[PDB]
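Take a look at this single chain, the form deposited in one PDB entry, given in structure tokens.
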């Protein structure tokens, strides 16, 4: 065991190994608070997230486990991975705190828009990397479910990583089928989000800034068109079906008339991502081979993930059971080679 040391940072205590120095709060992350730190062992800047009350309830305990499991599995250039996980606890009985260490990125996609002027070549590169990372997480039956600018982190290099996958305004980037639970969903819910993000990088404006679920759907159908007969057949919910057919019918628009002056190939890909029918929406693997990414696409360097075991998701266990499983995962963690 290494040597630990303590401090207060904005009304919360952090006990970390001595190898991490110059802790400096950066804000709120998923279920916790994150610090920038310096990693004396590797000379790298890192991000340390302290989970908040990790084992306070069954929900928290299961989610703490889930987050650690997911992060330990991700080994890909465009997905955030685990550099280190630690606790100040010497045994399972005093185990109450979890700290997760990853690379520190420079900004999120939200930040970098209003800072620098995004050319077409930048949008090509950023969306390419998102899709490359989505191919990887999807290949392991993991779905992000809440892809949005604030969980896309990027360096000054323009190198991008996806954060906060597998854990789930947020509503602005949600696929209509999971927001409304109106038809069966799959991995392509994330492709809907990618389309919304790509539209935003090209226009500088949110594509669908709805004030609630109904206004949101309204803004969407104004662009994509109300579902015809072939889509309505696939809607299992009676109430959802009745809302769609009771609305005043909207035509599908010409995306060229909406995304005026955008690269025509970019507009073509948007048209393929922003379809309501999830069985027809382009996948990440198909998207990577679209002509829009000709400059970046390499099929021998778009790898898939090892099998991921999420059978734990269907299980109902006690707090101390989830806690013990997490403890094992902390103990068994082997860091990456540097």
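Residue numbers count along the first chain shown, from 1. In this text, the rigid core denotes the largest set of C-alpha atoms whose superposition between the two forms falls within 1.5 Å.
Absent from the display: the form deposited in another entry. The rest refers to it.
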Worksheet item: If you fit the rigid core between this form and the one not shown, which of 181, 150, 203, 254 ends up with a C-alpha shift of 2 Å or more?
Response: 181
Response to the item:
Checking the C-alpha spacing of residue 224 and residue 183, a student should find that in the other form it changes by 3 angstroms or more, with the atoms farther
Discussion item. Just to spell it out: taking the C-alpha atom of residue 258 and the C-alpha atom of residue 183, is that distance smaller or larger in the other form than in the structure shown here, given it changes by 3 Å or more?
Written reply: farther
